[PDB]
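Coordinates as given in data_39.txt (compact mmCIF, C-alpha atoms and all ligand atoms):
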```
# COMPACT_ATOMS: atom_id res chain seq x y z
CA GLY C 458 -11.34 26.80 2.77
CA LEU C 459 -13.95 27.61 0.00
CA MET C 460 -11.34 26.04 -2.43
CA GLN C 461 -12.77 22.58 -3.26
CA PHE C 462 -10.78 20.25 -5.58
CA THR C 463 -12.83 18.85 -8.52
CA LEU C 464 -11.72 16.15 -10.96
CA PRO C 465 -12.87 15.75 -14.59
CA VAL C 466 -16.18 13.82 -14.88
CA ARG C 467 -14.67 10.39 -15.75
CA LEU C 468 -12.16 10.57 -12.82
CA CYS C 469 -14.80 12.03 -10.44
CA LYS C 470 -16.91 8.85 -11.09
CA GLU C 471 -14.15 6.23 -11.60
CA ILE C 472 -12.13 7.36 -8.45
CA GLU C 473 -14.87 5.96 -6.07
CA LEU C 474 -14.36 2.42 -7.47
CA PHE C 475 -11.78 -0.05 -6.02
CA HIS C 476 -10.21 -0.65 -9.50
CA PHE C 477 -9.56 3.03 -10.34
CA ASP C 478 -6.18 3.54 -12.10
CA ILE C 479 -4.73 7.03 -11.25
CA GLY C 480 -3.38 7.32 -14.81
CA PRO C 481 -0.02 8.23 -16.41
CA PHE C 482 -0.12 12.03 -15.61
CA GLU C 483 2.21 12.45 -12.56
CA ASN C 484 1.19 16.13 -12.18
CA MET C 485 -2.46 15.12 -11.40
CA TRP C 486 -1.52 12.65 -8.58
CA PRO C 487 -1.29 15.35 -5.81
CA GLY C 488 -4.68 16.77 -6.79
CA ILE C 489 -6.10 13.19 -6.75
CA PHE C 490 -4.63 12.73 -3.25
CA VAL C 491 -5.98 16.09 -1.91
CA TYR C 492 -9.38 15.27 -3.47
CA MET C 493 -9.38 11.93 -1.56
CA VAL C 494 -8.40 13.58 1.81
CA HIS C 495 -11.13 16.28 1.36
CA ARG C 496 -13.92 13.72 0.56
CA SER C 497 -12.66 11.19 3.20
CA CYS C 498 -11.74 13.44 6.16
CA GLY C 499 -13.39 16.82 5.37
CA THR C 500 -12.05 20.01 3.67
CA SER C 501 -11.19 21.13 7.27
CA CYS C 502 -8.83 18.38 8.66
CA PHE C 503 -5.58 19.86 7.16
CA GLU C 504 -4.32 23.39 6.34
CA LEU C 505 -4.12 23.11 2.49
CA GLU C 506 -0.76 25.11 2.25
CA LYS C 507 0.77 22.59 4.79
CA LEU C 508 -0.82 19.52 3.11
CA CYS C 509 0.43 20.58 -0.36
CA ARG C 510 3.96 21.19 1.09
CA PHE C 511 3.88 17.77 2.82
CA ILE C 512 2.73 15.96 -0.39
CA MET C 513 5.53 17.55 -2.48
CA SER C 514 8.18 16.60 0.19
CA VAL C 515 6.80 13.01 0.28
CA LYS C 516 6.94 12.96 -3.57
CA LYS C 517 10.56 14.27 -3.51
CA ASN C 518 11.58 11.35 -1.14
CA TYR C 519 10.15 8.50 -3.33
CA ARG C 520 12.89 7.37 -5.79
CA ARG C 521 12.68 6.65 -9.56
CA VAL C 522 12.45 2.83 -9.17
CA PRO C 523 10.28 0.65 -11.42
CA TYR C 524 7.54 -0.14 -8.85
CA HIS C 525 8.12 1.25 -5.27
CA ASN C 526 7.72 4.83 -6.46
CA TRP C 527 5.42 7.83 -6.06
CA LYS C 528 2.77 6.21 -8.34
CA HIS C 529 2.63 3.16 -5.96
CA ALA C 530 2.25 5.51 -2.95
CA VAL C 531 -0.84 7.17 -4.51
CA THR C 532 -2.27 3.89 -5.88
CA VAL C 533 -2.08 2.41 -2.32
CA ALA C 534 -3.67 5.61 -0.84
CA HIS C 535 -6.50 5.45 -3.42
CA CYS C 536 -7.33 1.83 -2.42
CA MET C 537 -7.37 2.85 1.30
CA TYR C 538 -9.67 5.78 0.29
CA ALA C 539 -12.07 3.34 -1.52
CA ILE C 540 -12.09 1.17 1.67
CA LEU C 541 -12.75 4.15 4.04
CA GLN C 542 -15.57 5.56 1.79
CA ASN C 543 -17.31 2.08 1.62
CA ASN C 544 -17.08 1.71 5.51
CA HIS C 545 -17.92 5.37 6.47
CA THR C 546 -19.02 4.78 10.14
CA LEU C 547 -16.45 2.08 11.23
CA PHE C 548 -13.47 4.56 11.49
CA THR C 549 -12.60 7.51 13.79
CA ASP C 550 -11.75 11.07 12.55
CA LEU C 551 -8.04 10.33 13.45
CA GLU C 552 -7.92 6.89 11.71
CA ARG C 553 -9.14 8.45 8.41
CA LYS C 554 -6.58 11.36 8.67
CA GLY C 555 -3.80 8.93 9.68
CA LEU C 556 -4.39 6.03 7.27
CA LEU C 557 -4.36 8.01 3.98
CA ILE C 558 -1.09 9.67 5.17
CA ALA C 559 0.21 6.28 6.31
CA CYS C 560 -0.50 4.95 2.77
CA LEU C 561 1.14 7.89 0.90
CA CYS C 562 4.19 7.48 3.21
CA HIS C 563 4.26 3.65 3.53
CA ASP C 564 7.22 3.11 1.07
CA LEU C 565 9.14 6.47 1.50
CA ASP C 566 12.75 6.32 0.20
CA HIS C 567 12.37 2.66 -0.94
CA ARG C 568 15.52 1.71 -2.87
CA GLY C 569 13.95 -1.15 -4.93
CA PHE C 570 15.19 -4.04 -2.64
CA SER C 571 13.61 -6.44 -0.05
CA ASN C 572 14.51 -6.54 3.69
CA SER C 573 16.25 -9.87 2.72
CA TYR C 574 18.71 -8.13 0.35
CA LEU C 575 19.46 -5.36 2.94
CA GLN C 576 20.36 -8.12 5.50
CA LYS C 577 22.47 -10.16 3.03
CA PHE C 578 24.24 -7.03 1.70
CA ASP C 579 24.69 -5.89 5.35
CA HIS C 580 23.25 -2.40 4.63
CA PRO C 581 23.48 0.06 7.61
CA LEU C 582 19.61 0.09 7.86
CA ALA C 583 19.78 -3.71 8.69
CA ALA C 584 22.06 -3.04 11.77
CA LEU C 585 19.85 -0.07 12.85
CA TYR C 586 16.55 -2.12 12.48
CA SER C 587 16.84 -5.93 12.84
CA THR C 588 13.29 -6.67 11.50
CA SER C 589 10.78 -4.78 9.29
CA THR C 590 13.99 -3.01 8.11
CA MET C 591 12.58 -0.90 5.26
CA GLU C 592 9.27 -0.40 7.12
CA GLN C 593 11.01 1.17 10.18
CA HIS C 594 12.96 3.34 7.69
CA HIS C 595 9.71 4.46 5.94
CA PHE C 596 8.07 5.45 9.27
CA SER C 597 11.36 7.27 10.20
CA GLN C 598 11.29 9.21 6.89
CA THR C 599 7.59 10.08 7.57
CA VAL C 600 8.45 11.57 11.03
CA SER C 601 11.47 13.46 9.48
CA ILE C 602 9.16 15.02 6.83
CA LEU C 603 6.52 15.95 9.50
CA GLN C 604 9.31 17.92 11.39
CA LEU C 605 10.36 20.07 8.36
CA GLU C 606 9.27 23.73 9.01
CA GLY C 607 5.71 24.24 7.62
CA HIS C 608 5.12 20.44 7.05
CA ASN C 609 3.33 19.48 10.34
CA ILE C 610 -0.16 18.81 8.84
CA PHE C 611 -1.10 17.56 12.42
CA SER C 612 -0.24 20.91 14.24
CA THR C 613 -3.98 21.50 15.08
CA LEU C 614 -4.33 18.12 16.95
CA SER C 615 -4.21 17.97 20.80
CA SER C 616 -0.88 16.61 22.16
CA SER C 617 -2.64 13.20 22.87
CA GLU C 618 -4.38 13.06 19.41
CA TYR C 619 -0.92 13.77 17.84
CA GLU C 620 0.58 10.69 19.68
CA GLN C 621 -2.50 8.60 18.72
CA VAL C 622 -2.18 9.53 14.97
CA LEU C 623 1.62 8.89 14.86
CA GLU C 624 1.00 5.45 16.52
CA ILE C 625 -1.77 4.61 13.97
CA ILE C 626 0.66 5.60 11.13
CA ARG C 627 3.55 3.60 12.70
CA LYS C 628 1.59 0.34 13.19
CA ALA C 629 0.01 0.96 9.71
CA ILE C 630 3.43 1.25 7.96
CA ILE C 631 5.00 -1.66 9.91
CA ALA C 632 1.97 -3.80 8.85
CA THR C 633 3.06 -3.41 5.18
CA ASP C 634 5.91 -5.87 6.12
CA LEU C 635 4.40 -8.89 4.27
CA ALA C 636 6.28 -11.26 6.71
CA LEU C 637 3.92 -9.87 9.48
CA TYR C 638 0.82 -10.31 7.26
CA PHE C 639 0.60 -14.15 7.54
CA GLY C 640 0.28 -14.37 11.33
CA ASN C 641 -1.88 -11.23 11.36
CA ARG C 642 -4.47 -12.73 8.96
CA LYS C 643 -4.43 -16.20 10.75
CA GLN C 644 -5.23 -14.36 14.07
CA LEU C 645 -8.04 -12.29 12.39
CA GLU C 646 -9.44 -15.49 10.71
CA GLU C 647 -9.48 -17.38 14.12
CA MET C 648 -10.97 -14.31 15.94
CA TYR C 649 -13.81 -13.81 13.35
CA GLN C 650 -14.82 -17.58 13.18
CA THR C 651 -14.71 -18.03 17.03
CA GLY C 652 -16.71 -14.71 17.21
CA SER C 653 -14.16 -13.00 19.60
CA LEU C 654 -13.31 -10.19 17.04
CA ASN C 655 -14.36 -6.90 18.82
CA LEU C 656 -13.64 -3.52 17.12
CA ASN C 657 -13.74 -1.71 20.57
CA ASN C 658 -10.58 -3.76 21.43
CA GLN C 659 -7.75 -1.38 20.26
CA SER C 660 -5.44 -4.45 19.65
CA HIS C 661 -8.26 -5.92 17.44
CA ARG C 662 -8.57 -2.62 15.44
CA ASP C 663 -4.73 -2.66 15.07
CA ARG C 664 -4.86 -6.13 13.36
CA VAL C 665 -7.80 -5.06 11.07
CA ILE C 666 -5.99 -1.82 10.02
CA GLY C 667 -2.91 -4.07 9.44
CA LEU C 668 -4.94 -6.25 7.08
CA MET C 669 -6.35 -3.20 5.18
CA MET C 670 -2.73 -1.96 4.71
CA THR C 671 -1.77 -5.35 3.19
CA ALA C 672 -4.97 -5.19 1.02
CA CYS C 673 -4.16 -1.61 -0.19
CA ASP C 674 -0.47 -2.45 -0.72
CA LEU C 675 -1.35 -5.53 -2.90
CA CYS C 676 -4.22 -3.74 -4.76
CA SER C 677 -2.45 -4.19 -8.21
CA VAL C 678 -4.03 -7.72 -8.25
CA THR C 679 -7.52 -6.09 -7.86
CA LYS C 680 -7.32 -3.86 -11.00
CA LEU C 681 -8.54 -4.50 -14.56
CA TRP C 682 -6.36 -7.21 -16.18
CA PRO C 683 -4.24 -4.84 -18.39
CA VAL C 684 -3.31 -2.70 -15.30
CA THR C 685 -2.56 -5.87 -13.24
CA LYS C 686 -0.45 -7.37 -16.04
CA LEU C 687 1.49 -4.09 -16.74
CA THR C 688 2.04 -3.41 -13.00
CA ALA C 689 3.47 -7.01 -12.74
CA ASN C 690 6.12 -6.04 -15.39
CA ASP C 691 7.31 -3.18 -13.08
CA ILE C 692 7.19 -5.45 -10.01
CA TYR C 693 9.35 -8.07 -11.85
CA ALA C 694 11.76 -5.31 -13.10
CA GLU C 695 12.64 -4.68 -9.41
CA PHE C 696 12.60 -8.36 -8.36
CA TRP C 697 14.94 -9.30 -11.23
CA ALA C 698 17.38 -6.39 -10.45
CA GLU C 699 17.42 -7.67 -6.83
CA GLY C 700 18.09 -11.24 -8.12
CA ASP C 701 20.97 -9.81 -10.23
CA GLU C 702 22.30 -8.19 -7.00
CA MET C 703 21.86 -11.46 -5.07
CA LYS C 704 23.93 -13.23 -7.83
CA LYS C 705 26.53 -10.44 -7.48
CA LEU C 706 26.89 -11.36 -3.73
CA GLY C 707 27.34 -15.11 -4.70
CA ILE C 708 23.74 -16.09 -3.70
CA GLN C 709 21.19 -17.93 -5.92
CA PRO C 710 17.99 -15.85 -5.71
CA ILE C 711 14.56 -17.46 -5.27
CA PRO C 712 13.13 -18.10 -8.78
CA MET C 713 10.65 -15.15 -8.47
CA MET C 714 13.73 -12.82 -8.54
CA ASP C 715 15.70 -14.79 -11.22
CA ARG C 716 15.25 -13.27 -14.70
CA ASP C 717 16.50 -16.60 -16.13
CA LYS C 718 13.21 -18.16 -14.79
CA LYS C 719 10.71 -15.80 -16.59
CA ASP C 720 9.10 -19.01 -18.01
CA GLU C 721 7.92 -19.67 -14.33
CA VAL C 722 6.17 -16.20 -14.00
CA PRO C 723 2.56 -17.41 -14.65
CA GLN C 724 2.90 -20.27 -12.04
CA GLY C 725 4.60 -17.76 -9.61
CA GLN C 726 1.51 -15.52 -9.85
CA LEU C 727 -0.75 -18.58 -9.18
CA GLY C 728 1.30 -19.27 -6.02
CA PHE C 729 1.06 -15.63 -4.89
CA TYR C 730 -2.73 -15.23 -5.53
CA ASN C 731 -3.43 -18.55 -3.67
CA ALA C 732 -0.86 -18.07 -0.80
CA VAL C 733 -1.41 -14.28 -0.33
CA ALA C 734 -3.86 -12.21 -2.37
CA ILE C 735 -6.99 -14.49 -2.14
CA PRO C 736 -6.66 -15.21 1.64
CA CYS C 737 -5.91 -11.50 2.26
CA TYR C 738 -9.05 -10.20 0.46
CA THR C 739 -11.20 -13.22 1.60
CA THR C 740 -10.45 -12.44 5.29
CA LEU C 741 -10.83 -8.67 4.52
CA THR C 742 -14.36 -9.20 2.97
CA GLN C 743 -15.46 -11.38 6.00
CA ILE C 744 -14.46 -8.55 8.42
CA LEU C 745 -15.52 -5.57 6.14
CA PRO C 746 -18.24 -6.87 3.76
CA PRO C 747 -18.36 -3.77 1.46
CA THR C 748 -14.71 -4.59 0.30
CA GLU C 749 -16.02 -7.68 -1.64
CA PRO C 750 -15.19 -6.04 -5.01
CA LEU C 751 -11.42 -6.39 -4.11
CA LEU C 752 -11.94 -10.19 -3.66
CA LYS C 753 -14.01 -10.49 -6.88
CA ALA C 754 -11.41 -8.61 -9.02
CA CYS C 755 -8.55 -10.59 -7.41
CA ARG C 756 -10.42 -13.85 -8.29
CA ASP C 757 -10.95 -12.57 -11.92
CA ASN C 758 -7.20 -11.78 -12.23
CA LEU C 759 -6.21 -15.23 -10.80
CA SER C 760 -8.47 -16.59 -13.57
CA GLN C 761 -6.67 -14.34 -16.12
CA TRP C 762 -3.26 -15.84 -14.97
CA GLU C 763 -4.77 -19.41 -15.26
CA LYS C 764 -5.61 -18.47 -18.92
CA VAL C 765 -1.99 -17.26 -19.46
CA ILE C 766 -0.66 -20.72 -18.33
CA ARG C 767 -3.17 -22.61 -20.58
CA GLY C 768 -1.65 -20.65 -23.55
CA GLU C 769 -5.08 -18.88 -24.16
CA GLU C 770 -3.02 -15.57 -23.98
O1 LIG D 1 1.16 -5.93 -6.25
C1 LIG D 1 2.03 -6.58 -5.63
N1 LIG D 1 2.83 -5.98 -4.69
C2 LIG D 1 3.77 -6.67 -3.98
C3 LIG D 1 3.94 -7.99 -4.27
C4 LIG D 1 4.93 -8.66 -3.44
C5 LIG D 1 5.49 -9.90 -3.81
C6 LIG D 1 6.44 -10.51 -3.00
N2 LIG D 1 6.81 -9.89 -1.88
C7 LIG D 1 6.30 -8.71 -1.49
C8 LIG D 1 5.34 -8.05 -2.25
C9 LIG D 1 3.20 -8.64 -5.33
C10 LIG D 1 2.23 -7.92 -5.98
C11 LIG D 1 1.38 -8.44 -7.13
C12 LIG D 1 1.59 -9.93 -7.34
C13 LIG D 1 2.97 -10.18 -7.88
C14 LIG D 1 3.40 -9.41 -8.97
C15 LIG D 1 4.67 -9.62 -9.52
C16 LIG D 1 5.51 -10.60 -8.95
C17 LIG D 1 5.04 -11.35 -7.86
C18 LIG D 1 3.78 -11.15 -7.32
MG MG D 2 7.01 -1.63 1.39
ZN ZN D 3 4.04 -0.71 -0.85
```

Have the structure of the file written as structure tokens, please.
Ligand SMILES: O=c1[nH]cc(-c2ccncc2)cc1CCc1ccccc1
Ligand SMILES: [Mg+2]
Ligand SMILES: [Zn+2]
Amino acid sequence: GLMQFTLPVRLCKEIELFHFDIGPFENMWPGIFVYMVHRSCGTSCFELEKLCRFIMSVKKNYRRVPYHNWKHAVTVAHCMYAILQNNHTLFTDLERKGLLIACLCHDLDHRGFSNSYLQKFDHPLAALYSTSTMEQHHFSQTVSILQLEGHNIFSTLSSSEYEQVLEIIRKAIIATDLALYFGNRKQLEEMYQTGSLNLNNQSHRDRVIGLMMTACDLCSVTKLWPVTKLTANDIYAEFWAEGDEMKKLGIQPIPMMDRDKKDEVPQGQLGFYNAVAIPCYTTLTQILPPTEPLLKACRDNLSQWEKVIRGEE
């Protein structure tokens, strides 16, 4: 356990910031992840040999899709890490352990398609799981990987702690279903304004961790503009392939997914920042004030999209 992980100076400093980009070197992503677990949870919360084997099995089960890939998994885990490090005392030993793993695992074996497309195509996963289709799959793949010989990073936990951490991970991954986000934020909003929000209420924690998962999952909108803009290209590469596949089933896709309607991209972003990103990070800052930088960066990027529309770039 005397084996620390250390990053080069620039990464060591930049990694603490909400807008850190993990960079184009795939082979450094596992070290970045281990470094985040060690600083977030202690050097003592996982057997390194088991952690390393788990990370490489998780990596192996992300597919080579334009956006919902291994890079996304680590980007989302880094954002969660920035949140946990800026709210040290608000989270239990187990929550910290569970949530970084939840984030690395949250999109396992994603095929590049929405729950909507699964249902319309009539994929087997849509009969097996009627709602949060991909998200029940991702949690399923997580549990499968935990049961591979030498992969149970949670072996040291008491039997009850083990059930607590797998329940934190399960609610965490399900919460990445953006259809569940809207109600979840409205309830948190109401509960914080009426003053009822109580973090000793497990069901209240659940909702808050759900909102953090949405915040970490959407964190491309909180980066520096060139990262945000270039991540949007990869996001649209999947959306447009899905629209192509909708058209192949005889269905007109929503314009966001229709590569004929690229013209409408800037206005689509406006919609999304106003309907989703800004409310998400607004509510998140109200409940966890040290996450304000996510809201500020999101606001700057909305402003950058406004400039794109006004032909100023
Ligand atoms: O970072 C993201 N991750 C996921 C989403 C998303 C959109 C719709 N449904 C589910 C998740 C959008 C963004 C960024 C904003 C964005 C970029 C590109 C296209 C449209 C919106
Ligand atoms: Mg997902
Ligand atoms: Zn995701």

For the contact check between segment 591-643 of chain C and segment 653-664 of chain C, emit one row per residue of segment 591-643 of chain C within 9 Å, containing the shortest atom pair and the distance in Å rounded to one decimal, counting only C-alpha atoms, chain then rising number order, as a tab-separated table.
```
residue	atom	partner	partner_atom	distance
C:625	CA	C:663	CA	7.9
C:628	CA	C:663	CA	7.2
C:629	CA	C:663	CA	8.0
C:632	CA	C:664	CA	8.5
C:641	CA	C:664	CA	6.2
C:642	CA	C:664	CA	7.9
```

Inset, instruction - For each of C:549, C:601, C:590, C:677, take the minimum atom-to-atom distance to residue 622 of chain C, counting all atoms listed in the file, then give the residue where this is smallest. - result: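 Residue with the minimum atom-to-atom distance to residue 622 of chain C: C:549.
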
Legend entry - Minimum-distance residue to ligand ZN 3 (chain D), chosen among C:538, C:570, C:486, C:477 (using all atoms listed in the file):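 Using all atoms listed in the file, ligand ZN 3 (chain D) sits closest to C:570.
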
Inset, instruction - Find, counting only C-alpha atoms, the residue in C:484, C:633, C:497, C:532 that gets nearest to residue 572 of chain C. - result: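 Of the candidates, the smallest distance to residue 572 of chain C is held by C:633.
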
Legend entry - Near-ligand residues for ligand MG 2 (chain D), threshold 7 Å, only C-alpha atoms and all ligand atoms, as a ChimeraX atom specification: /C:563-564,591-592,633-634

Inset, instruction - Pick out the closest residue to residue 741 of chain C from this set: C:574, C:649, C:596, C:475. Count all atoms listed in the file. - result: C:649

Inset, instruction - Calculate how many Å separate atom CA of residue 716 of chain C from atom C1 of ligand LIG 1 (chain D), rounding to one decimal. - result: 17.4 Å

Legend entry - Near-residue 560 of chain C list (6 Å; only C-alpha atoms; drop same-chain fewer than 2 positions) as number ranges by chain: C: 533-534, 557-558, 562-563

Inset, instruction - Dig up all the protein and nucleic acid residues within 12 Å of (2.6, -2.7, -15.8) in the file frame, using only C-alpha atoms, and format them as a list in words. - result: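 Taken together, the residues in range are residues 478, 480, 481, 523, 524, 528, 529, 677, 678, 680, 681, 682, 683, 684, 685, 686, 687, 688, 689, 690, 691, 692, 693 and 694 of chain C.
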
Inset, instruction - Show which residues sit within 12 Å of residue 509 of chain C, as an MDAnalysis selection string. Count only C-alpha atoms, and ignore same-chain residues fewer than 5 positions away. - result: chainID C and resid 486:492 494 503:504 514:516 607:610

Might you pull out every residue within 12 Å of residue 517 of chain C, with only C-alpha atoms counted and same-chain residues fewer than 3 positions away left off, and present them as a compact mmCIF listing (two decimals) with C-alpha atoms, keeping the file's coordinate frame?
```txt
# COMPACT_ATOMS: atom_id res chain seq x y z
CA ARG C 510 3.96 21.19 1.09
CA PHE C 511 3.88 17.77 2.82
CA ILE C 512 2.73 15.96 -0.39
CA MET C 513 5.53 17.55 -2.48
CA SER C 514 8.18 16.60 0.19
CA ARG C 520 12.89 7.37 -5.79
CA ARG C 521 12.68 6.65 -9.56
CA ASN C 526 7.72 4.83 -6.46
CA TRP C 527 5.42 7.83 -6.06
CA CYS C 562 4.19 7.48 3.21
CA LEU C 565 9.14 6.47 1.50
CA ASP C 566 12.75 6.32 0.20
CA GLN C 598 11.29 9.21 6.89
CA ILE C 602 9.16 15.02 6.83
```

Inset, instruction - For each of C:613, C:740, C:573, C:760, take the minimum atom-to-atom distance to ligand LIG 1 (chain D), counting all atoms listed in the file, then give the residue where this is smallest. - result: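 Distance minimum relative to ligand LIG 1 (chain D) lands on C:573.
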
Legend entry - Nearest to ligand LIG 1 (chain D) by atom-to-atom distance, counting all atoms listed in the file, from C:748, C:587, C:731, C:742: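 Among the listed residues, C:731 lies closest to ligand LIG 1 (chain D).
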
Legend entry - 9 Å contact set for residue 754 of chain C, only C-alpha atoms, chain neighbours under 2 positions out, as a VMD selection string: chain C and resid 476 678 to 682 749 to 752 756 to 759

Legend entry - atom CA of residue 472 of chain C to atom CA of residue 761 of chain C, straight-line distance in Å: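 Value for the atom CA of residue 761 of chain C-atom CA of residue 472 of chain C distance: 23.7 Å.
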
Inset, instruction - One decimal, Å: what's the distance from atom CA of residue 630 of chain C over to atom CA of residue 559 of chain C, could you say? - result: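 We find that atom CA of residue 630 of chain C and atom CA of residue 559 of chain C lie 6.2 Å from each other.
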
Inset, instruction - Using all atoms listed in the file, find all polymer residues with an atom at most 12 Å away from the point (9.4, 12.6, 13.1); report them as a list in words. - result: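 Applying the cut-off with all atoms listed in the file, one gets residues 593, 594, 595, 596, 597, 598, 599, 600, 601, 602, 603, 604, 605, 606, 608, 609, 611, 619, 620, 623, 624, 626 and 627 of chain C.
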
Using the file's own x, y and z axes, what box holds all listed atoms of segment 685-690 of chain C with 8 Å on each side, keeping edges along x, y and z, and what are its centre and edge lengths in Å to one decimal, as AutoDock Vina command-line options?
```
--center_x 1.8 --center_y -5.4 --center_z -14.7 --size_x 24.7 --size_y 20.0 --size_z 20.0
```

Inset, instruction - Mind checking which residues fall within 12 Å of residue 719 of chain C, counting all atoms listed in the file, ignoring those fewer than 4 positions away in the same chain, and posting them as a count of residues only? - result: 13
